[PDB]
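Colleague: Input file: work_26.txt. Contents: compact mmCIF, N, CA and C atoms and all ligand atoms.
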# COMPACT_ATOMS: atom_id res chain seq x y z
N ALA B 30 -84.91 132.25 -9.68
CA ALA B 30 -84.78 131.30 -10.84
C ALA B 30 -83.36 131.34 -11.41
N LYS B 31 -82.76 130.16 -11.57
CA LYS B 31 -81.41 129.98 -12.13
C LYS B 31 -81.48 129.26 -13.48
N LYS B 32 -80.57 129.67 -14.38
CA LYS B 32 -80.35 128.94 -15.67
C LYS B 32 -78.85 128.80 -15.94
N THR B 33 -78.42 127.63 -16.39
CA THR B 33 -76.99 127.33 -16.60
C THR B 33 -76.68 127.12 -18.08
N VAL B 34 -75.58 127.70 -18.54
CA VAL B 34 -75.11 127.58 -19.92
C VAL B 34 -73.64 127.09 -19.90
N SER B 35 -73.33 126.08 -20.73
CA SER B 35 -71.94 125.62 -20.92
C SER B 35 -71.36 126.19 -22.19
N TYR B 36 -70.12 126.69 -22.10
CA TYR B 36 -69.40 127.38 -23.19
C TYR B 36 -68.08 126.73 -23.59
N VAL B 37 -67.70 126.90 -24.87
CA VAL B 37 -66.34 126.58 -25.40
C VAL B 37 -65.77 127.92 -25.91
N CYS B 38 -64.52 128.18 -25.53
CA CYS B 38 -63.83 129.44 -25.79
C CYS B 38 -62.54 129.23 -26.59
N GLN B 39 -61.82 130.33 -26.85
CA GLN B 39 -60.46 130.25 -27.47
C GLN B 39 -59.52 129.34 -26.68
N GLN B 40 -58.61 128.64 -27.41
CA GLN B 40 -57.67 127.66 -26.86
C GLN B 40 -58.36 126.47 -26.20
N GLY B 41 -59.61 126.23 -26.59
CA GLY B 41 -60.35 125.13 -26.02
C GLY B 41 -60.76 125.22 -24.57
N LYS B 42 -60.70 126.43 -24.01
CA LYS B 42 -61.11 126.55 -22.61
C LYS B 42 -62.63 126.36 -22.52
N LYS B 43 -63.06 125.78 -21.41
CA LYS B 43 -64.47 125.45 -21.15
C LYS B 43 -64.92 126.08 -19.82
N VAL B 44 -66.11 126.65 -19.82
CA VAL B 44 -66.66 127.24 -18.60
C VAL B 44 -68.19 127.09 -18.54
N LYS B 45 -68.70 126.82 -17.33
CA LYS B 45 -70.13 126.72 -17.06
C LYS B 45 -70.54 127.94 -16.22
N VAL B 46 -71.58 128.64 -16.68
CA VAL B 46 -72.06 129.86 -15.99
C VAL B 46 -73.53 129.74 -15.67
N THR B 47 -73.88 130.07 -14.41
CA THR B 47 -75.24 130.08 -13.91
C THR B 47 -75.71 131.53 -13.72
N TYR B 48 -76.83 131.87 -14.36
CA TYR B 48 -77.42 133.19 -14.27
C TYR B 48 -78.65 133.16 -13.37
N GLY B 49 -78.71 134.14 -12.46
CA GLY B 49 -79.92 134.39 -11.66
C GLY B 49 -80.86 135.40 -12.29
N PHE B 50 -82.16 135.10 -12.20
CA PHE B 50 -83.22 135.95 -12.76
C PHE B 50 -84.27 136.30 -11.71
N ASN B 51 -84.63 137.59 -11.58
CA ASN B 51 -85.64 138.02 -10.58
C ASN B 51 -87.05 137.89 -11.16
N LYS B 52 -88.06 138.28 -10.38
CA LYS B 52 -89.47 138.19 -10.81
C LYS B 52 -89.88 139.22 -11.89
N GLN B 53 -89.02 140.23 -12.11
CA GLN B 53 -89.18 141.15 -13.22
C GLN B 53 -88.60 140.59 -14.52
N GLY B 54 -87.98 139.40 -14.49
CA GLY B 54 -87.31 138.84 -15.67
C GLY B 54 -85.90 139.38 -15.96
N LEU B 55 -85.31 140.19 -15.06
CA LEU B 55 -83.96 140.75 -15.23
C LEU B 55 -82.92 139.85 -14.53
N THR B 56 -81.71 139.76 -15.09
CA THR B 56 -80.60 139.00 -14.44
C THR B 56 -80.04 139.81 -13.25
N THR B 57 -79.68 139.08 -12.21
CA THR B 57 -79.12 139.68 -11.00
C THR B 57 -77.67 139.31 -10.73
N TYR B 58 -77.20 138.19 -11.30
CA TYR B 58 -75.81 137.75 -11.13
C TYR B 58 -75.44 136.71 -12.21
N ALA B 59 -74.12 136.53 -12.37
CA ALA B 59 -73.52 135.41 -13.15
C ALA B 59 -72.53 134.71 -12.26
N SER B 60 -72.60 133.37 -12.15
CA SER B 60 -71.71 132.56 -11.28
C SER B 60 -70.96 131.55 -12.18
N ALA B 61 -69.64 131.69 -12.28
CA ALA B 61 -68.79 130.85 -13.19
C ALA B 61 -67.90 129.97 -12.32
N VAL B 62 -67.72 128.71 -12.72
CA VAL B 62 -66.80 127.84 -11.99
C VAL B 62 -65.41 127.98 -12.66
N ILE B 63 -64.43 128.53 -11.93
CA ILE B 63 -63.10 128.84 -12.46
C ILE B 63 -62.09 128.11 -11.54
N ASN B 64 -61.31 127.19 -12.09
CA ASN B 64 -60.43 126.27 -11.25
C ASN B 64 -61.17 125.60 -10.12
N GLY B 65 -62.38 125.15 -10.41
CA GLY B 65 -63.11 124.43 -9.40
C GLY B 65 -63.81 125.23 -8.35
N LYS B 66 -63.69 126.58 -8.40
CA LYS B 66 -64.27 127.46 -7.42
C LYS B 66 -65.39 128.29 -8.06
N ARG B 67 -66.52 128.38 -7.34
CA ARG B 67 -67.65 129.16 -7.78
C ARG B 67 -67.31 130.67 -7.52
N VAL B 68 -67.31 131.44 -8.60
CA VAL B 68 -67.07 132.93 -8.58
C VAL B 68 -68.36 133.65 -8.92
N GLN B 69 -69.00 134.26 -7.91
CA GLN B 69 -70.29 134.95 -8.14
C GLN B 69 -70.05 136.45 -8.43
N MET B 70 -70.53 136.88 -9.58
CA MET B 70 -70.35 138.28 -10.06
C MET B 70 -71.72 138.99 -10.15
N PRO B 71 -71.98 139.95 -9.24
CA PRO B 71 -73.28 140.65 -9.29
C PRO B 71 -73.45 141.49 -10.56
N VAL B 72 -74.66 141.63 -11.08
CA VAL B 72 -74.88 142.48 -12.26
C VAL B 72 -74.40 143.91 -11.94
N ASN B 73 -73.78 144.52 -12.94
CA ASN B 73 -73.25 145.86 -12.78
C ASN B 73 -74.12 146.81 -13.63
N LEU B 74 -75.09 147.43 -12.97
CA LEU B 74 -76.05 148.27 -13.71
C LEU B 74 -75.41 149.53 -14.25
N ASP B 75 -74.43 150.09 -13.52
CA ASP B 75 -73.76 151.36 -13.97
C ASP B 75 -73.00 151.20 -15.27
N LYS B 76 -72.46 149.99 -15.50
CA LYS B 76 -71.60 149.72 -16.67
C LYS B 76 -72.30 149.07 -17.84
N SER B 77 -73.52 148.57 -17.62
CA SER B 77 -74.33 147.93 -18.64
C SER B 77 -75.03 148.95 -19.53
N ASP B 78 -75.22 148.59 -20.81
CA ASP B 78 -75.80 149.53 -21.78
C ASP B 78 -76.81 148.84 -22.68
N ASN B 79 -77.22 149.49 -23.76
CA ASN B 79 -78.27 148.95 -24.63
C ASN B 79 -77.84 147.68 -25.40
N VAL B 80 -76.52 147.45 -25.56
CA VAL B 80 -75.99 146.27 -26.32
C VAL B 80 -75.26 145.27 -25.43
N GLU B 81 -74.74 145.66 -24.27
CA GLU B 81 -73.82 144.81 -23.48
C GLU B 81 -74.23 144.81 -22.00
N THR B 82 -74.27 143.64 -21.40
CA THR B 82 -74.44 143.49 -19.95
C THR B 82 -73.08 143.10 -19.33
N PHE B 83 -72.72 143.76 -18.21
CA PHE B 83 -71.53 143.43 -17.41
C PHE B 83 -71.94 142.97 -16.03
N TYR B 84 -71.19 141.97 -15.54
CA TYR B 84 -71.26 141.44 -14.16
C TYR B 84 -69.89 141.57 -13.49
N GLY B 85 -69.85 141.94 -12.19
CA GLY B 85 -68.61 142.01 -11.42
C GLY B 85 -68.26 143.42 -11.00
N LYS B 86 -67.25 143.50 -10.14
CA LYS B 86 -66.81 144.75 -9.53
C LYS B 86 -65.30 144.95 -9.72
N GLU B 87 -64.81 146.20 -9.55
CA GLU B 87 -63.38 146.47 -9.70
C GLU B 87 -62.59 145.64 -8.72
N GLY B 88 -61.58 144.96 -9.23
CA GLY B 88 -60.78 144.04 -8.41
C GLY B 88 -61.14 142.57 -8.43
N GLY B 89 -62.32 142.27 -8.96
CA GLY B 89 -62.77 140.92 -9.17
C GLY B 89 -62.76 140.51 -10.66
N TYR B 90 -63.26 139.30 -10.89
CA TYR B 90 -63.53 138.83 -12.25
C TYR B 90 -64.70 139.64 -12.83
N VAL B 91 -64.68 139.85 -14.16
CA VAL B 91 -65.74 140.60 -14.86
C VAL B 91 -66.20 139.84 -16.10
N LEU B 92 -67.50 139.57 -16.16
CA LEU B 92 -68.13 138.89 -17.31
C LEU B 92 -68.88 139.90 -18.19
N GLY B 93 -68.62 139.86 -19.50
CA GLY B 93 -69.35 140.69 -20.47
C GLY B 93 -70.11 139.84 -21.51
N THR B 94 -71.35 140.23 -21.77
CA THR B 94 -72.25 139.51 -22.70
C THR B 94 -73.23 140.47 -23.36
N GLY B 95 -74.19 139.94 -24.11
CA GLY B 95 -75.24 140.75 -24.70
C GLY B 95 -76.38 141.07 -23.74
N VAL B 96 -77.53 141.36 -24.31
CA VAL B 96 -78.73 141.58 -23.54
C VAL B 96 -79.31 140.21 -23.13
N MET B 97 -79.61 140.08 -21.84
CA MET B 97 -80.00 138.80 -21.21
C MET B 97 -81.43 138.84 -20.72
N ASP B 98 -82.29 138.09 -21.39
CA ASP B 98 -83.64 137.80 -20.87
C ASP B 98 -83.90 136.29 -21.11
N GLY B 99 -85.02 135.75 -20.63
CA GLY B 99 -85.41 134.39 -21.02
C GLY B 99 -85.80 134.35 -22.50
N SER B 101 -83.44 135.07 -24.87
CA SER B 101 -82.17 135.54 -25.47
C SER B 101 -80.90 134.91 -24.85
N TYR B 102 -80.98 134.57 -23.58
CA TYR B 102 -79.77 134.31 -22.82
C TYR B 102 -78.88 133.16 -23.34
N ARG B 103 -79.48 132.08 -23.87
CA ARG B 103 -78.75 130.91 -24.41
C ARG B 103 -78.10 131.14 -25.77
N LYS B 104 -78.35 132.28 -26.40
CA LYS B 104 -77.76 132.57 -27.72
C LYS B 104 -76.64 133.62 -27.65
N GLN B 105 -76.31 134.09 -26.47
CA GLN B 105 -75.33 135.18 -26.36
C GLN B 105 -73.89 134.66 -26.23
N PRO B 106 -72.92 135.29 -26.91
CA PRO B 106 -71.52 134.99 -26.62
C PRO B 106 -71.10 135.63 -25.28
N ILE B 107 -70.02 135.16 -24.66
CA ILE B 107 -69.48 135.80 -23.45
C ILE B 107 -67.96 135.97 -23.50
N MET B 108 -67.45 136.83 -22.62
CA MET B 108 -66.01 136.88 -22.27
C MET B 108 -65.86 137.09 -20.78
N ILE B 109 -64.74 136.61 -20.20
CA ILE B 109 -64.44 136.82 -18.77
C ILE B 109 -63.00 137.34 -18.66
N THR B 110 -62.86 138.47 -17.92
CA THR B 110 -61.60 139.11 -17.67
C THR B 110 -61.23 138.90 -16.20
N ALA B 111 -59.94 138.59 -15.97
CA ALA B 111 -59.41 138.39 -14.62
C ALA B 111 -59.11 139.73 -13.91
N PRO B 112 -58.86 139.70 -12.60
CA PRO B 112 -58.52 140.95 -11.86
C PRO B 112 -57.31 141.71 -12.42
N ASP B 113 -56.39 141.04 -13.16
CA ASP B 113 -55.23 141.69 -13.74
C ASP B 113 -55.51 142.34 -15.12
N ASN B 114 -56.79 142.28 -15.54
CA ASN B 114 -57.23 142.84 -16.84
C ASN B 114 -56.91 141.98 -18.07
N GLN B 115 -56.41 140.74 -17.86
CA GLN B 115 -56.26 139.80 -18.97
C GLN B 115 -57.57 139.01 -19.24
N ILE B 116 -57.92 138.88 -20.52
CA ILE B 116 -59.11 138.17 -20.91
C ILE B 116 -58.75 136.67 -20.84
N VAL B 117 -59.26 135.99 -19.84
CA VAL B 117 -58.92 134.57 -19.57
C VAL B 117 -59.93 133.58 -20.15
N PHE B 118 -61.12 134.03 -20.54
CA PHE B 118 -62.07 133.23 -21.33
C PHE B 118 -62.52 134.16 -22.48
N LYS B 119 -62.05 133.87 -23.69
CA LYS B 119 -62.17 134.80 -24.84
C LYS B 119 -63.04 134.17 -25.92
N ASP B 120 -63.97 134.95 -26.49
CA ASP B 120 -64.77 134.48 -27.65
C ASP B 120 -65.51 133.16 -27.36
N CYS B 121 -66.20 133.16 -26.23
CA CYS B 121 -66.93 131.97 -25.78
C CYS B 121 -68.32 131.86 -26.44
N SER B 122 -68.67 130.68 -26.97
CA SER B 122 -70.03 130.45 -27.50
C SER B 122 -70.65 129.24 -26.78
N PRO B 123 -71.99 129.24 -26.61
CA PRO B 123 -72.68 128.11 -25.96
C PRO B 123 -72.52 126.72 -26.64
NA NA B 201 -55.57 137.91 -12.00
Now, as a test, write the supplied structure out as structure tokens.
Modeller:
Amino acid sequence: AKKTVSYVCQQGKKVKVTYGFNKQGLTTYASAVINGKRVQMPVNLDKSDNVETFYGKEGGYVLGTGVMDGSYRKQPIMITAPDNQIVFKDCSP
């Protein structure tokens, strides 16, 4: 099961993100279209905690958000590039 959310961020940047959900109701990935290219970021269970979910791996793009269940449309997000610069900042749905 997929669900898509459109966001507006700092400096007017816009991004659409698609979240995958398994049969347990947990998210498995976040897929963001960045310069026209689909960037799929797998959920990072080692880095996720009671307040924040992270998607992505070292060397790739990394998405950070709140706790995601079928909650997900009310969460803010941020996306950091491989160089560690926050390229989508303070994003709201
Ligand atoms: Na980069």
Colleague: Please tabulate, as JSON lines, the residues of chain B that come within 5 Å of ligand NA 201 (chain B), each with its closest pair of atoms and the distance in Å to one decimal, counting all atoms listed in the file and ordering rows by chain, then residue number upward.
Modeller:
{"residue": "B:111", "atom": "C", "partner": "B:NA201", "partner_atom": "NA", "distance": 4.4}
{"residue": "B:112", "atom": "N", "partner": "B:NA201", "partner_atom": "NA", "distance": 3.8}
{"residue": "B:113", "atom": "N", "partner": "B:NA201", "partner_atom": "NA", "distance": 3.4}
Colleague: Could you jot down the atom N of residue B:32 to atom CA of residue B:115 separation for me, Å, one decimal place?
Modeller: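 It comes out at 26.7 Å.
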Colleague: Hey, which of B:40, B:110, B:73, B:79 ends up closest to residue B:56? Count only N, CA and C atoms.
Modeller: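 Nearest candidate to residue B:56 out of B:40, B:110, B:73, B:79: B:73.
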Colleague: Can you list, as a PyMOL selection string, every residue of chain B that DSSP puts in strand (DSSP E or B)?
Modeller: chain B and resi 31-37+43-50+56-63+66-72+82-84+91-94+107-110+116-122
Colleague: Give me, as a list in words, the residues of chain B that a backbone DSSP run labels helix (DSSP H, G or I).
Modeller: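 Secondary structure check on chain B, helix (DSSP H, G or I): residues 39, 40, 41, 102, 103 and 104 of chain B.
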Colleague: So which residues touch stretch 86-101 of chain B within 8 Å, counting only C-alpha atoms, skipping near sequence neighbours fewer than 2 positions away, as a short mmCIF file (atom, residue, chain, number, x, y, z; two decimals) with N, CA and C atoms, in the coordinates of the input?
Modeller:
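Below is the file that was written, around.cif:
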data_model
loop_
_atom_site.label_atom_id
_atom_site.label_comp_id
_atom_site.auth_asym_id
_atom_site.auth_seq_id
_atom_site.Cartn_x
_atom_site.Cartn_y
_atom_site.Cartn_z
N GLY B 54 -87.98 139.40 -14.49
CA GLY B 54 -87.31 138.84 -15.67
C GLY B 54 -85.90 139.38 -15.96
N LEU B 55 -85.31 140.19 -15.06
CA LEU B 55 -83.96 140.75 -15.23
C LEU B 55 -82.92 139.85 -14.53
N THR B 56 -81.71 139.76 -15.09
CA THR B 56 -80.60 139.00 -14.44
C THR B 56 -80.04 139.81 -13.25
N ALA B 59 -74.12 136.53 -12.37
CA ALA B 59 -73.52 135.41 -13.15
C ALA B 59 -72.53 134.71 -12.26
N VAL B 68 -67.31 131.44 -8.60
CA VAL B 68 -67.07 132.93 -8.58
C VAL B 68 -68.36 133.65 -8.92
N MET B 70 -70.53 136.88 -9.58
CA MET B 70 -70.35 138.28 -10.06
C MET B 70 -71.72 138.99 -10.15
N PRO B 71 -71.98 139.95 -9.24
CA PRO B 71 -73.28 140.65 -9.29
C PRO B 71 -73.45 141.49 -10.56
N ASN B 73 -73.78 144.52 -12.94
CA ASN B 73 -73.25 145.86 -12.78
C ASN B 73 -74.12 146.81 -13.63
N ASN B 79 -77.22 149.49 -23.76
CA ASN B 79 -78.27 148.95 -24.63
C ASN B 79 -77.84 147.68 -25.40
N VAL B 80 -76.52 147.45 -25.56
CA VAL B 80 -75.99 146.27 -26.32
C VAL B 80 -75.26 145.27 -25.43
N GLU B 81 -74.74 145.66 -24.27
CA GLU B 81 -73.82 144.81 -23.48
C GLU B 81 -74.23 144.81 -22.00
N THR B 82 -74.27 143.64 -21.40
CA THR B 82 -74.44 143.49 -19.95
C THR B 82 -73.08 143.10 -19.33
N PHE B 83 -72.72 143.76 -18.21
CA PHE B 83 -71.53 143.43 -17.41
C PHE B 83 -71.94 142.97 -16.03
N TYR B 84 -71.19 141.97 -15.54
CA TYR B 84 -71.26 141.44 -14.16
C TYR B 84 -69.89 141.57 -13.49
N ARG B 103 -79.48 132.08 -23.87
CA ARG B 103 -78.75 130.91 -24.41
C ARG B 103 -78.10 131.14 -25.77
N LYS B 104 -78.35 132.28 -26.40
CA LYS B 104 -77.76 132.57 -27.72
C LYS B 104 -76.64 133.62 -27.65
N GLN B 105 -76.31 134.09 -26.47
CA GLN B 105 -75.33 135.18 -26.36
C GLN B 105 -73.89 134.66 -26.23
N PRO B 106 -72.92 135.29 -26.91
CA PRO B 106 -71.52 134.99 -26.62
C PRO B 106 -71.10 135.63 -25.28
N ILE B 107 -70.02 135.16 -24.66
CA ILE B 107 -69.48 135.80 -23.45
C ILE B 107 -67.96 135.97 -23.50
N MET B 108 -67.45 136.83 -22.62
CA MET B 108 -66.01 136.88 -22.27
C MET B 108 -65.86 137.09 -20.78
N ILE B 109 -64.74 136.61 -20.20
CA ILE B 109 -64.44 136.82 -18.77
C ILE B 109 -63.00 137.34 -18.66
N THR B 110 -62.86 138.47 -17.92
CA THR B 110 -61.60 139.11 -17.67
C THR B 110 -61.23 138.90 -16.20
N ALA B 111 -59.94 138.59 -15.97
CA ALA B 111 -59.41 138.39 -14.62
C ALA B 111 -59.11 139.73 -13.91
N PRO B 112 -58.86 139.70 -12.60
CA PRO B 112 -58.52 140.95 -11.86
C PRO B 112 -57.31 141.71 -12.42
#
Colleague: Do you know which residues are at most 7 Å from stretch 47-51 of chain B counting only N, CA and C atoms, after dropping those on the same chain fewer than 5 positions away, and could you put them as JSON, numbers by chain?
Modeller: {"B": [30, 31, 32, 33, 34, 56, 57, 58, 59, 60, 61, 62]}
Colleague: Grab the atom C of residue B:41 to atom C of residue B:76 distance for me, in Å with one decimal place.
Modeller: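 Rounded to one decimal, the two atoms are 27.3 Å apart.
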Colleague: Which distance in Å separates atom CA of residue B:77 and atom CA of residue B:53, to one decimal?
Modeller: 17.2 Å
Colleague: Box along x, y and z, 6 Å on every side, all listed atoms of stretch 47-62 of chain B inside: centre and edge lengths in Å to one decimal, as lines of an AutoDock Vina configuration file.
Modeller:
center_x = -77.6
center_y = 134.5
center_z = -13.2
size_x = 36.5
size_y = 25.3
size_z = 17.6
